[PDB]
């Protein structure tokens, strides 16, 4: 049994909506690290709630319905990879589990598997229909595709 809102895009990495504080114990049973993409005002609890449960945080705030830069994306991907190499499972989350986190998940499959944007987008949207919500989110993935 695993937290049922985790949408796995490979064996070790998943994306999701925001976990409530009362869900963190269950999340922490399977995930060692979390990439938090919401801005501080969106958090209903301190990010220390993750750390105290043994879940290492990368806070990479992106305003809702906007896109990270390609440079930010590459930083997040290396951080995920570092933890996957240690045998850890990693969760990526935003608020809805669709746009910000879907964008990072697409980027992750491109980076980790060499998938085309099309292939990676199809797989992420099979896990969460509607993932990658805005034009600018699509554009930064095209920009990333050119560079990896």
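Residue numbers count along the first chain shown, from 1.
- Between 138-146 and 2-10, it is 138-146 that carries the larger average Cα temperature factor according to the deposited entry.
- Annotation for 128-136 versus 21-29: the higher mean temperature factor (C-alpha) is found in 128-136.
- By the numbers in the PDB entry, the CA B factor is greatest at 45 among 45, 79, 108, 50.
- Split the chain's modelled residues into thirds by C-alpha temperature factor. Residue 101 is in the lowest one.
- Among all modelled residues in this chain, the alpha-carbon of residue 123 has a temperature factor (C-alpha) in the middle third.
- Sort the chain's modelled residues by C-alpha temperature factor and residue 86 lands in the lowest third, per the entry.
- When the modelled residues of the chain are ordered by C-alpha B-factor, residue 92 sits in the lowest third.
- Per the PDB record, residue ranking by Cα B-factor puts residue 117 in the middle third of the chain.
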